[PDB]
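A.B. asks: model the following, please.
(chains A and B, ligands or ions: 1)
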Amino acid sequence: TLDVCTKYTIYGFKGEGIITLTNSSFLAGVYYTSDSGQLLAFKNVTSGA
Amino acid sequence: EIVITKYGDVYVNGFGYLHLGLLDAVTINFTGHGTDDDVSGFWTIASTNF
Ligand SMILES: *[C@@H]1O[C@H](CO[C@@H]2O[C@@H](C)[C@@H](O)[C@@H](O)[C@@H]2O)[C@@H](O)[C@H](O)[C@H]1NC(C)=O
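C.D. replies: Residues are numbered from 1 along each chain as shown, chains lettered A, B, ... in the order given. There you are, the coordinates:
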């Protein structure tokens, strides 16, 4: 679900939050985390979303 | 890019998609003939060291 407060369950990272689109670009890497270890921004392969 | 080590593990563009056991040797084959060298299966390969 997009841009709504929902129960996310992602690659062994689970919780509640609101997802948002971003237009960044990186030929490698799929997930990007915070200093504390939580993951904010990420991409998916087939579409680079 | 794909990189493999003597331990046999492989990184997909430096990611490490899949894990394997110890690989001793590998045999590779593709369109690399000499003419398609610019557009061959791979581009550059090297024996790299830590
Ligand atoms: C997102 O896209 C930006 C391009 O301009 C923006 O286009 C859309 C997405 C609207 O937000 C519009 O108001 C802007 O003009 C890029 O500059 C920006 O870097 C992109 N985001 C990322 C994370 O790369």
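
A.B. asks: C-alpha from now on. contacts and neighbour counts both.
C.D. replies: OK.

A.B. asks: helix/strand/coil for residue A:24?
C.D. replies: For residue A:24, the assignment made with DSSP: H, G, I helix; E, B strand; the rest coil gives coil.

A.B. asks: number of residues surrounding it?
C.D. replies: 10 (other Cα atoms under 10 Å in any protein chain shown).

A.B. asks: repeat that for residue A:36.
C.D. replies: Neighbour count for residue A:36, taken as other Cα under 10 Å: 6.

A.B. asks: residue of chain B nearest chain A, please.
C.D. replies: Taking Cα to the nearest Cα as the measure, chain B has residue B:13 as its residue closest to chain A, at 6.2 Å.

A.B. asks: so what's that residue closest to, chain neighbours aside?
C.D. replies: By the measure of Cα to Cα, 6 or more residues apart in numbering or on different chains, the closest residue to residue B:13 outside its immediate chain neighbours is residue B:1, 4.9 Å from it.

A.B. asks: count the residues that sit near that neighbour.
C.D. replies: Number of residues near residue B:1 (other Cα under 10 Å) recorded here: 10.

A.B. asks: one more: residue A:43?
C.D. replies: Number of residues near residue A:43 (other Cα under 10 Å) recorded here: 19.

A.B. asks: isn't it right next to residue A:49, touching?
C.D. replies: Yes. Residue A:43 is in contact with residue A:49 according to Cα atoms under 8 Å; the separation is 5.1 Å.

A.B. asks: and the helices in chain B, which stretches?
C.D. replies: With DSSP state H as the criterion, chain B has no helices.

A.B. asks: residue at max distance from the center of it?
C.D. replies: Centroid-distance maximum for chain B: residue B:35 at 20.5 Å, with Cα atoms, centre = their mean.

A.B. asks: residue contacts, that residue?
C.D. replies: Counting by Cα atoms under 8 Å, 6 or more residues apart in numbering or on different chains, residue B:35 touches no other residue.
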